[PDB]
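Participant: Okay, here's the structure, questions in a sec.
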Amino acid sequence: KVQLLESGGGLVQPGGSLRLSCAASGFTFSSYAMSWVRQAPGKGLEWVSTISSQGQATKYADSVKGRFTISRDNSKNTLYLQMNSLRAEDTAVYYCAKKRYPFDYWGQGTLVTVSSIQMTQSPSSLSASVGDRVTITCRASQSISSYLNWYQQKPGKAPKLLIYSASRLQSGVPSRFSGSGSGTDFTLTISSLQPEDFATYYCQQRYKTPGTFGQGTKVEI
Amino acid sequence: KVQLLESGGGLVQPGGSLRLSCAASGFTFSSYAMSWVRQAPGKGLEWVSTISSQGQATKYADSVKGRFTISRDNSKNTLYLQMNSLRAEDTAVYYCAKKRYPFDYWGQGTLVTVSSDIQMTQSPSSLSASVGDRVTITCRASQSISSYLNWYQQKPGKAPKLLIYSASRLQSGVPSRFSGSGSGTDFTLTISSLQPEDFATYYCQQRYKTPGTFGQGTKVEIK
Amino acid sequence: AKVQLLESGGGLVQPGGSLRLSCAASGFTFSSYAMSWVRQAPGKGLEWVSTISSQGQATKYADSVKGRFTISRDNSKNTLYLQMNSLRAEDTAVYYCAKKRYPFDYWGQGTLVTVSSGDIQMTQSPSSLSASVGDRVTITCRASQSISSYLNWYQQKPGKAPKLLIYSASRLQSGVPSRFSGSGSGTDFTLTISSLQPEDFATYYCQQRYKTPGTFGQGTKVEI
Amino acid sequence: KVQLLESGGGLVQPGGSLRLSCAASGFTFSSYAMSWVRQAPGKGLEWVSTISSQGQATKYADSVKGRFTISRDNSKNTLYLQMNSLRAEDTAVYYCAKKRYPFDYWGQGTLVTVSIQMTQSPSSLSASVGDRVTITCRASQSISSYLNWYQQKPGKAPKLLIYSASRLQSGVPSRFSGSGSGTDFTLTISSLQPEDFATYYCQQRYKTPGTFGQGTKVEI
């Protein structure tokens, strides 16, 4: 089983520093890139950082560049995020993720509290009942072919990759989820709504950097 | 840019032999595997042979094994197919193709006339439709092949053209009106807005195991 | 865990018969590496017989073996197979399965196949050498054409499987003592056993890794 | 013909800014990583930055981190290095190089004026034509066979001679031999021809930052 166990968060004053650690197991850590993705309180997912398979070349987001540093220890199969000059906007739940753009495995997440470009748009809010059929739309500012991912996240839990590419379904995901679209328009279809399927669904591009997520669509009663 | 120029076809008597050559250009020939795929007159495509990047390891089809020999000269950027013990069943147009299972670039083809296991099901066999109509072709495999499927289009007399690779990913230059879906044993190719240049024969090919088998082919025509 | 290549399936057959050799692999991801079959005739040197890729589509054989043998693999069972048909008296040999396609780092135990009725040429210069413990010995290997740095040095004791000593002309393999040194490039290569010691009295082979078929040297027997 | 044509250097005051461009041709630019390596006047080579096949993942040196930014345009087949807050220590000739650790092709270089530790033995050696030369390179840690040997003639860009400690590069004469493993490596030049009089460098290619040797200048 693939396991990504995180630690190292907490509360800091503005300007302070923190270190987030993510121990990986169940797979060859040195053969996959790694990423850090954060979620602000009440907001959507935001890709923060990424590191290559060897740990040489790294990439960050504009809001974190110059202040955050991603690293890895392949001898210990561990991923590190050093967050310096923390601002109140960096208060979020952070997750470590496997791979560079389609994150198949996530970590539990850890809360970080600080107290004293392709855009993808979704519907943002939808109410529906059990057994009804639901379709969420995602659009990209530029043509991305089949470079989209669909994730599901329940409140307080880690996201789960359900659809990779435009249409391919992830193992363990029920076949009630369908992915379609190409270029600038894509659709996620849940068909017969079912229990525990009321949550927030996100679409994320995997073409260019930074990997951007949608605002999120919360399917609720 | 990318050119695969074939030669060496012609007429041979049953039991005779022939040599087919395919000169490649526009890409690093020594960095890609190569393949030979044949199409019988009026019938569908059949994968014949494949060779690795260096030319060491080769693979053939059961109907040609022991009779055909694929080779390559990377110093001359050339691919060769020695066809021995030619049968009347070997009359076909042969193409050299880039890559080992998803053929993105094809050759003009050369006609060879001799005179003197995953089974793919493509349905329907022939369908008539008008411009602007929506078309859906189904492809079925005898076993689970995950997402190892390709959709090609062939216009009368021309070489096939890769439209969709890996079941759903679209090839560069292909219009977004072509959609690919499916998984395991059932796949569908959907031609939403039928354009006048889209009247042709479409084929599905599995890319999981050897031999690479094609579908029977679905000819969308105008009437 | 370590890498294990366990063979079976040999035996005795009459001329024209068939046999099946199996090689179960463990300790490594079998589906990510090519595999090969190499045979050794009684008293003669090593001869590469066949090779199959990581997935199993494209295969390669030797001209003396082409048309009669068939190499295959089952990645679901991590097994390698060699079906030997139309066996002739020249096929009497000990057969080994080996990991990878040109530099074989791991070999199999070998299995004996007896059949009885009831081209880059590599040149190995010393055939037989007598020396005492602690002495320095140098074996030379020459190729008919330039092979750059695509050479390997193996050691084999009588009745045992070969052991990879040197890969890429000069790089030493893990577990090999540093008393073995490799040098050379192009057309001339040398294997130097600085300090002899006992365990090094055996037959050493050089093998090119440039083009197909992978050819071995005649063999150099370091003995006393 | 592989060409790496650089531009954008010049003279700047301390604290100023500069932008270096490197147009690539003759190879698929989008299929290889790129690097920027600088050489101070009279000193040895120092790896500055590296960028992935796309402009996403980047790597820098500690002395260069926070001030320089490497980028690339695959649509224009160009590589860029934006140097801000330039100090007098940044005065050097900068080269763009193909690949991320073994640099097979280099650029002309451009001069910028602001006004694992490798040990290479000896620093300078004099020898005659036909003589044999042996240069030693040692690393503070084991790098297996992740070593490269480069040659640089006065005023020209470096040239890759040996990759992977012992493998010879195409076009290099067989008189150059590479040996070693772990912490000790040797470059042996047999028959010192007159065209082999230059400065030779050893570089590790295992971990980041890619560090070079002090350099051995064969003279007279």
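Chain labels run A, B, ... following the order of the structure tokens; each chain numbers its residues from 1, and ligands are numbered from 1 in the order shown.
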When the cut-off is 8 Å and we count only C-alpha atoms, which residues of chain A are near chain D, given as JSON, numbers by chain?

Facilitator: {"A": [50, 51, 52, 56, 57, 58, 59, 66, 208, 209, 210]}

Participant: If we count only C-alpha atoms, which residues of chain A reach to within 8 Å of chain B? Please list them as number ranges by chain.

Facilitator: A: 145-146, 165-168, 182-183

Participant: Would you please extract all helix (DSSP H, G or I) residues from chain A, as assigned by DSSP on the backbone, and give them as a PyMOL selection string?

Facilitator: chain A and resi 29-31+88-90

Participant: Have a look at C:117, C:176, C:47, C:3 and name the one nearest to residue 28 in chain C; count only C-alpha atoms.

Facilitator: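 Residue with the minimum atom-to-atom distance to residue 28 in chain C: C:3.
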
Participant: Hey, can you check how far CA of residue 160 in chain D sits from CA of residue 76 in chain B?

Facilitator: 27.0 Å

Participant: Pull the strand (DSSP E) assignments for chain C out of DSSP run on the backbone, and list those residues as number ranges by chain.

Facilitator: C: 4-8, 11-13, 19-26, 35-40, 46-52, 59-61, 69-74, 79-84, 93-99, 111-115, 122-124, 128-130, 137-143, 151-156, 163-167, 171-172, 180-185, 188-193, 203-208, 220-223

Participant: Compile the contact shell of range 134-138 of chain C as a PyMOL selection string: residues with an atom at most 6 Å away, counting only C-alpha atoms, same-chain residues fewer than 5 positions apart removed.

Facilitator: chain C and resi 191-197

Participant: Which residues are close to residue 25 in chain D, i.e. within 9 Å by only C-alpha atoms, leaving aside same-chain residues fewer than 2 positions away? Reply as a PyMOL selection string.

Facilitator: chain D and resi 1-5+23+27-29+77

Participant: Go through A:211, A:28, A:161, A:129 one by one, measure the shortest atom-to-atom distance of each to chain C using only C-alpha atoms, and give the residue with the smallest value.

Facilitator: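 Looking at the shortest contact to chain C, the residue is A:28.
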
Participant: Could you list, as a PDB file with C-alpha atoms, in the first residue's frame, every residue within 8 Å of range 86-100 of chain C, counting only C-alpha atoms and ignoring same-chain residues fewer than 5 positions away?

Facilitator:
ATOM      1  CA  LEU C   5      17.608 -17.138 -11.438  1.00  0.00           C
ATOM      2  CA  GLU C   7      16.603 -23.006 -14.026  1.00  0.00           C
ATOM      3  CA  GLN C  14      17.287 -37.942 -29.518  1.00  0.00           C
ATOM      4  CA  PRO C  15      18.280 -35.918 -32.600  1.00  0.00           C
ATOM      5  CA  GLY C  16      15.283 -34.073 -33.996  1.00  0.00           C
ATOM      6  CA  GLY C  17      13.486 -33.961 -30.650  1.00  0.00           C
ATOM      7  CA  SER C  18      12.455 -30.951 -28.597  1.00  0.00           C
ATOM      8  CA  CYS C  23      14.074 -19.998 -15.682  1.00  0.00           C
ATOM      9  CA  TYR C  33      14.689  -5.971 -18.068  1.00  0.00           C
ATOM     10  CA  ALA C  34      15.495  -8.001 -21.142  1.00  0.00           C
ATOM     11  CA  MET C  35      16.618 -11.605 -20.725  1.00  0.00           C
ATOM     12  CA  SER C  36      18.986 -13.881 -22.611  1.00  0.00           C
ATOM     13  CA  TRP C  37      19.950 -17.529 -23.047  1.00  0.00           C
ATOM     14  CA  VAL C  38      23.651 -18.406 -23.392  1.00  0.00           C
ATOM     15  CA  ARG C  39      25.056 -21.910 -23.845  1.00  0.00           C
ATOM     16  CA  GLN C  40      28.435 -23.543 -23.223  1.00  0.00           C
ATOM     17  CA  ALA C  41      29.438 -26.654 -25.141  1.00  0.00           C
ATOM     18  CA  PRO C  42      31.390 -29.388 -23.299  1.00  0.00           C
ATOM     19  CA  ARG C  68      14.751 -23.982 -34.369  1.00  0.00           C
ATOM     20  CA  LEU C  80      11.712 -17.104 -18.997  1.00  0.00           C
ATOM     21  CA  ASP C 105      25.161  -9.088 -14.377  1.00  0.00           C
ATOM     22  CA  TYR C 106      23.191 -12.090 -13.069  1.00  0.00           C
ATOM     23  CA  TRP C 107      23.305 -15.639 -14.426  1.00  0.00           C
ATOM     24  CA  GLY C 108      21.375 -18.827 -13.814  1.00  0.00           C
ATOM     25  CA  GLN C 109      22.582 -22.130 -12.415  1.00  0.00           C
ATOM     26  CA  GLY C 110      22.532 -23.710 -15.879  1.00  0.00           C
ATOM     27  CA  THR C 111      20.921 -26.906 -17.112  1.00  0.00           C
ATOM     28  CA  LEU C 112      22.452 -29.684 -19.202  1.00  0.00           C
ATOM     29  CA  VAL C 113      20.953 -30.590 -22.582  1.00  0.00           C
ATOM     30  CA  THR C 114      22.330 -33.758 -24.187  1.00  0.00           C
ATOM     31  CA  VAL C 115      21.235 -34.871 -27.659  1.00  0.00           C
ATOM     32  CA  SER C 116      22.496 -38.350 -28.575  1.00  0.00           C
ATOM     33  CA  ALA C 161      27.871 -20.342 -14.065  1.00  0.00           C
TER      34      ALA C 161
END

Participant: Could you tell me how far CA of residue 59 in chain B sits from CA of residue 189 in chain B, in Å to one decimal place?

Facilitator: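 Taking CA of residue 189 in chain B and CA of residue 59 in chain B, their separation equals 29.0 Å.
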
Participant: Which residues are near range 105-119 of chain B? Cut-off 9 Å, only C-alpha atoms, ignore same chain within fewer than 2 positions. Put them as a ChimeraX atom specification.

Facilitator: /B:2-16,18,20,22,38,86-99,103,121,140-143,145,158-162,206,209-215

Participant: Select residues of chain C: the criterion is any atom within 6 Å of an atom of chain B, counting only C-alpha atoms; output as a list in words.

Facilitator: residues 57, 58, 59, 60 and 212 of chain C

Participant: Include N, CA, C and O atoms and write out the residues we just selected as a PDB file, in the first residue's frame.

Facilitator:
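Wrote result.pdb, looks like this:
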ATOM      1  N   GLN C  57       7.813  -8.892 -27.054  1.00  0.00           N
ATOM      2  CA  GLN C  57       7.391  -8.874 -28.455  1.00  0.00           C
ATOM      3  C   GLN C  57       8.548  -9.259 -29.368  1.00  0.00           C
ATOM      4  O   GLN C  57       8.530 -10.309 -30.016  1.00  0.00           O
ATOM      5  N   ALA C  58       9.569  -8.413 -29.413  1.00  0.00           N
ATOM      6  CA  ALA C  58      10.684  -8.585 -30.327  1.00  0.00           C
ATOM      7  C   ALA C  58      11.746  -9.474 -29.690  1.00  0.00           C
ATOM      8  O   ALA C  58      12.146  -9.258 -28.541  1.00  0.00           O
ATOM      9  N   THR C  59      12.189 -10.480 -30.438  1.00  0.00           N
ATOM     10  CA  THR C  59      13.167 -11.447 -29.972  1.00  0.00           C
ATOM     11  C   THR C  59      14.293 -11.542 -30.991  1.00  0.00           C
ATOM     12  O   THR C  59      14.121 -11.215 -32.167  1.00  0.00           O
ATOM     13  N   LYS C  60      15.448 -12.015 -30.532  1.00  0.00           N
ATOM     14  CA  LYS C  60      16.611 -12.177 -31.392  1.00  0.00           C
ATOM     15  C   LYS C  60      17.254 -13.525 -31.104  1.00  0.00           C
ATOM     16  O   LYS C  60      17.256 -13.987 -29.960  1.00  0.00           O
ATOM     17  N   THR C 212      24.651  -7.243 -32.424  1.00  0.00           N
ATOM     18  CA  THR C 212      24.092  -8.586 -32.348  1.00  0.00           C
ATOM     19  C   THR C 212      24.643  -9.437 -33.479  1.00  0.00           C
ATOM     20  O   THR C 212      24.677  -8.976 -34.629  1.00  0.00           O
TER      21      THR C 212
END

Participant: Looking at only C-alpha atoms, which of C:152, C:29, C:140, C:118 is the one that sits closest to chain A?

Facilitator: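 Once distances to chain A are computed over only C-alpha atoms, the minimum belongs to C:29.
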
Participant: Using only C-alpha atoms, find the residues of chain D whose closest atom to chain C is at most 10 Å away, then write them as a PyMOL selection string.

Facilitator: chain D and resi 144-145+164-170+174+177-181

Participant: Looking at B:155, B:72, B:207, B:19, which one is nearest to residue 219 in chain B, with distances taken over only C-alpha atoms?

Facilitator: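 With only C-alpha atoms as the atom set, the closest residue is B:155.
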
Participant: List the neighbours of residue 21 in chain D out to 8 Å using only C-alpha atoms; skip same-chain residues closer than 5 positions along the sequence, and give me the result as a PyMOL selection string.

Facilitator: chain D and resi 6-8+78-81

Participant: Those selected residues, please, written with N, CA, C and O atoms and delivered as a PDB file, in the first residue's frame.

Facilitator:
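The resulting again.pdb:
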ATOM      1  N   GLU D   6      25.130  32.761 -28.013  1.00  0.00           N
ATOM      2  CA  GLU D   6      24.779  33.549 -26.844  1.00  0.00           C
ATOM      3  C   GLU D   6      24.903  35.039 -27.134  1.00  0.00           C
ATOM      4  O   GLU D   6      25.585  35.465 -28.071  1.00  0.00           O
ATOM      5  N   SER D   7      24.256  35.829 -26.284  1.00  0.00           N
ATOM      6  CA  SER D   7      24.326  37.284 -26.354  1.00  0.00           C
ATOM      7  C   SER D   7      23.741  37.843 -25.066  1.00  0.00           C
ATOM      8  O   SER D   7      23.151  37.117 -24.262  1.00  0.00           O
ATOM      9  N   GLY D   8      23.910  39.148 -24.884  1.00  0.00           N
ATOM     10  CA  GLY D   8      23.293  39.869 -23.793  1.00  0.00           C
ATOM     11  C   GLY D   8      24.216  40.258 -22.661  1.00  0.00           C
ATOM     12  O   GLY D   8      23.752  40.883 -21.700  1.00  0.00           O
ATOM     13  N   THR D  78      15.127  29.169 -27.336  1.00  0.00           N
ATOM     14  CA  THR D  78      16.026  30.090 -26.656  1.00  0.00           C
ATOM     15  C   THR D  78      16.052  29.796 -25.163  1.00  0.00           C
ATOM     16  O   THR D  78      15.054  29.374 -24.575  1.00  0.00           O
ATOM     17  N   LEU D  79      17.213  30.025 -24.562  1.00  0.00           N
ATOM     18  CA  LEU D  79      17.425  29.885 -23.131  1.00  0.00           C
ATOM     19  C   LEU D  79      17.824  31.242 -22.570  1.00  0.00           C
ATOM     20  O   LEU D  79      18.580  31.981 -23.202  1.00  0.00           O
ATOM     21  N   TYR D  80      17.317  31.579 -21.390  1.00  0.00           N
ATOM     22  CA  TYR D  80      17.520  32.896 -20.807  1.00  0.00           C
ATOM     23  C   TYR D  80      18.038  32.772 -19.383  1.00  0.00           C
ATOM     24  O   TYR D  80      17.651  31.860 -18.648  1.00  0.00           O
ATOM     25  N   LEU D  81      18.912  33.704 -19.005  1.00  0.00           N
ATOM     26  CA  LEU D  81      19.391  33.853 -17.632  1.00  0.00           C
ATOM     27  C   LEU D  81      19.307  35.328 -17.255  1.00  0.00           C
ATOM     28  O   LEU D  81      20.064  36.150 -17.780  1.00  0.00           O
TER      29      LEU D  81
END
